[PDB]
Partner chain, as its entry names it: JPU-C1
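A lone chain, given as structure tokens: the form deposited without its partner chain.
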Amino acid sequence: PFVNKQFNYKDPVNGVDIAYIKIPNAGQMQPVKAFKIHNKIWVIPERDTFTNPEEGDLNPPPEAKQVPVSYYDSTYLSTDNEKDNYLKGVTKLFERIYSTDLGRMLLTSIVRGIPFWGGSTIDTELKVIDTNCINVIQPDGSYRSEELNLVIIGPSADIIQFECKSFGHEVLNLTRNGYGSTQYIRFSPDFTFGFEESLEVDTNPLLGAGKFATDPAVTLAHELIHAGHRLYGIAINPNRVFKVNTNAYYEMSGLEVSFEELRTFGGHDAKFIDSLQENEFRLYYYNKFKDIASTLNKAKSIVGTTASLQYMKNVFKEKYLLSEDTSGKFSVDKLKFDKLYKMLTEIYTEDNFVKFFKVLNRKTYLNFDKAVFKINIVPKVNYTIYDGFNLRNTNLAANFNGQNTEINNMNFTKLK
């Protein structure tokens, strides 16, 4: 959210909000320099070669998709200057998001969404799940475990393949059982995508449609929304999809988009979501919250240090907006639940963020006219927290001229 201290990649480590860390993942990975920009939120300016064991090298593989779809460059984000620029770019986007009432709400929900402590094998004991923490190096070289909710990290091999991912559990489906897990968003503020808009009467007699660029703040908010769903364990299995086209072809060759993506994008395409399906999940997760409240009630022991069982139950009381009677028992308030659930799944949408940002954005989830551009959001003359690319008091202020790749050409370098 609001990042109080200004960070420079070269700033000296302090073992608190600037330090070398190791991700639970696996392998004795060499620690990487990370920055805590806000409570429960860290930024790691490194290409993500840690989250998935089968995704460790950055070279384009044989058969890689071409330019518009994917983009490779094994050397991107390998120098201190790039990492510094990445850090400042990500920070500026957080401020732009936080500057809207919706973003402030989303960021708050994210900070409160602490991943549940359902690790221990003893149903009567609360224990933090290791993969919901990072290891922070101390002055003597030992490591201290720290819980976090969100990490913004550099992309893997495909530089423009942004996604919100997390570490799985052997048996628990953390993002779909109400528990939640620490989210790692592969993201880059140094590139953006194009789309074609019908800003000319919506009905154009076959003429060169304008070539616009997506505002990175919208792209990041999109992932933070998935992160929110995932932090509260209410994400929808990617296998659940809906058709958006019309008819389909052999081997399920029909235009289908996952439930998760349609609700996240919102707007027009949300109508393709079956209402019965929506209700089924709303109720399913209702019961998940209940089971959590029950586990909190039937809990006695807890593992850790600076955290007491009482202190934690209260932390989860706040996250899941639970009701606490005089006796101390927890229960799920159906009215509170419906409020929180709607917020996370209906209010937090890309469509709504586009309305608060007053920017131009593609109207439909699937983009059939893709383009990729190298950008630089750090210089104030290029992009600001309040106007994005459409700087007020410049010829870029009107008609989304700032996002127009031909009008504001100096800010968008076509990658092909």
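Only the largest set of C-alpha atoms that superpose within 1.5 Å between the two forms is called the rigid core. Positions refer to the first chain, counted from 1.
Quick note: we don't show the form solved in complex with its partner chain, though the next part is all about it.
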| in the deposited bound form, which of the listed residues (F167, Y76, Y285, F195) lies with a heavy atom within 4.5 Å of its partner chain? | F167
| request: Only one of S275, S327, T203, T121 comes within 4.5 Å of its partner chain in the deposited bound form by heavy atoms, so just point that one out. | output: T121
| Site test, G208, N411 and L415 vs its partner chain in the deposited bound form, non-hydrogen atom cutoff 4.5 Å | no
| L174 near its partner chain in the deposited bound form, any heavy atom under 4.5 Å? | yes
| task | Find out whether any non-hydrogen atom of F373 is located within 4.5 angstroms of its partner chain in the deposited bound form, and reply yes or no. | result | no
| query | With the cut-off set at 4.5 Å between non-hydrogen atoms, does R230 touch its partner chain in the deposited bound form? | reply | yes
| Touches its partner chain in the deposited bound form: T51 (any heavy atom, 4.5 Å) | yes
| note | Only one of 159-167, 85-93, 275-283, 292-300 has residues with a heavy atom within 4.5 Å of its partner chain in the deposited bound form, and that stretch is 159-167
| query | Which of these moves by 2 angstroms or more at the C-alpha between the shown form and the other one, core superposed: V315, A209, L172, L321? | reply | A209
| query | Quick one: core overlaid, is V69 moving 2 Å or more at the Cα between the shown form and the other one? | reply | no
| field | Core-superposed comparison between the shown form and the other one, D101 Cα displacement 2 Å or beyond | value | no
| message | So, superposing on the core, is the move of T121 at the CA at least 2 angstroms between the shown form and the other one? | response | no
| task | Once you account for a change of 3 Å or more, let me know if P216 and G208 sit closer or farther in the deposited bound form, using their C-alpha atoms. | result | closer
| note | Under comparison with the form shown, the C-alpha atoms of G402 and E200 in the deposited bound form shift by 3 angstroms or more, placing them farther
